[PDB]
Structure formats: C-alpha cells, structure tokens
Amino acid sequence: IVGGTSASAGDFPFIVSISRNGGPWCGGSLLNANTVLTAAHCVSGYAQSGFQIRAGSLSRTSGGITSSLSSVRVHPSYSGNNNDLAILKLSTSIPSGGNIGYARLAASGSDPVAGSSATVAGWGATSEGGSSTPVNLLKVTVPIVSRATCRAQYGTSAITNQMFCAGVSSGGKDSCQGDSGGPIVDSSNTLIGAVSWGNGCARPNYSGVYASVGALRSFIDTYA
C-alpha cells in the first residue's frame, strides 16, 4: 500500500495474509471457516504446498491462526488479467470470534459507483519497486474511477466488465506489489473487489484495477 496508514485491530476482521515459500506474497479475504478469496494470479499453477494463510492478525508474520491449503479453484474464464479471482479451501477451519470474522460480499450484479469511497488494505510494498514490506497491515482510501475513464487510461479492451478501477488522478495512494488478492471494501466495509493489477503503483493517471466481486459472485457462491 502506497500512501496509507496503519490499520487498527478489527478494521478488516476477514483479511488474511498469504505467504509463499515463507515470504510475503498476497492478501485475501476469509469467506467462511474454510474458504479464502484471493486473486487467481496469486495461486494459479503454483505448487499449493508453498502457501500459508494467516488470519486474525495485523501482522503477516506472527499472531492469529494459520492454515495450509487443501485445494485451489480459479475462475473458469481466468485469462490474462481478466477474471482474476480464485477460491482457496483451507486444511484448518478458522472460527469467527474476537478479531476474526467473515466477509460480507457485494450483491450479485453490483458495480461500484464512480466517485464513491473505497478502502484497500494489505502488506505490500509502500513504494513502486520497493523491496521491503511492512510487518503490519496498511490501508488507504481511494475513490472509484469510472470504467470509461479507466479505459481512457489503459485502453478500451483492457478494462472488462469484470474489473473496476480506483485511485486518485494525481496519484500517491494505491495498492502495489504484494497487495494482490487482498480486499477493497466500500464505505460500509462490504467486500467489493480484490487487488488485481495496474501500471506501476500510485502513478498519476493510472488507476489501480480490481477484480469485481459483484461481477463474479456466481463463481464465488458456487464454490464457497
């Protein structure tokens, strides 16, 4: 997260960190006791044994509850940057309570409204290209950018109906490498998307691009 601030305990009861080969890798969201939502590109085709999830902590390295993966299901139409969502099943069930809870999902068919505020969180880099990553969770609030404006930035065919965009025109606030898969929520703390891709991090006139929960709810509902 670039331009962010520290998350507080209980800000995102459902957020999980996803480590790979013992290092930072991605974020995700706990949907229920044995299911995590993340970006497909975080997991597709990689050895599943390399991943560990941690829930219930602001830290990616300590605290909370951990689990390995039992299975991975990528959206059947995942291709390039499109339809960048996956469902992870956990070997260890994670009960709600305390600072752990399950995400509330955006309604099927919903699309975030341009100009509305959204909050993204993660353990990713704090600068484009940064090698260090914070131990504790960061968050940033950014407005939703219309799909038309986002297409002006990236190209008409690059931004599909299963993506939405968010960021500030002058840059400075964004998700970045290592934030992929983690949550973007609306102002009510409803899960509207997962961090997916963008052109660098926090650059002027290049919005962050997010996989849309609203658009992809049919897939989520099938396998959750």
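Residue numbers run from 1 along the displayed sequence.
Would you mind comparing 140-148 and 118-126 for me and telling me which has the higher average C-alpha temperature factor in the entry?
It is 140-148 that shows the higher mean C-alpha B-factor.
If you average the CA temperature factors over each stretch, which comes out higher, 170-178 or 194-202?
The deposited B-factors put 170-178 ahead on the C-alpha mean.
Please work out which residue in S44, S157, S67, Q162 has the highest C-alpha B-factor recorded for this crystal structure.
Answer for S44, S157, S67, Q162: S157, with the highest C-alpha B-factor.
Which of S49, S57, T38, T35 ranks first by CA B-factor in the deposited coordinates
Checking the PDB record, the top C-alpha B-factor among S49, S57, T38, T35 is at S49.
Mind checking which third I94 falls in for C-alpha B-factor across the chain?
Middle third - that is where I94 ends up once the chain's C-alpha B-factors are sorted.
With respect to C-alpha B-factor, does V72 fall in the lowest, middle or highest third of the chain as deposited?
According to the entry, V72 has a C-alpha B-factor in the chain's middle third.
How does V2 rank on Cα B-factor within its chain, lowest, middle or highest third?
Its C-alpha B-factor belongs to the middle third of this chain's values.
Ranking the modelled residues of this chain by C-alpha B-factor as given in the entry, is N83 in the lowest, middle or highest third?
According to the entry, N83 has a C-alpha B-factor in the chain's lowest third.
So where's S187 on the chain's Cα temperature factor ranking, which third?
As the PDB entry reports it, the C-alpha B-factor of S187 lands in the highest third of its chain.
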